């Protein structure tokens, strides 16, 4: 399943994760975020146990946004071993995200 994370637990849950983490930076007012949400849901089921999926609401988490220069949403950062290993700005199809995830497995 998808997890909601925030300024407080980001380090432990994302940077210290023992598997790849896809982090979806979103906000309630962003239409396209709502468009990719069911996609993020589909992927989390397909990759249960292999990849971790997280959401950060940028309206409540300025520090985490700033720390990665998030200025537009949606933005999807893929992390592995504490490092950002891919970055997608803008809504994208399931297949576009699957491809980037697959590259890092």
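Positions refer to the first chain, counted from 1.
Here 88-96 and 20-28 are compared by their mean Cα B-factor, and 88-96 comes out higher. Annotation for 55-63 versus 39-47: the higher mean temperature factor (C-alpha) is found in 39-47.
Annotation for residue 105: CA B-factor lies in the highest third of the chain's modelled residues. When the CA B factors of the chain's modelled residues are split into thirds, the value for residue 71 lands in the highest one.
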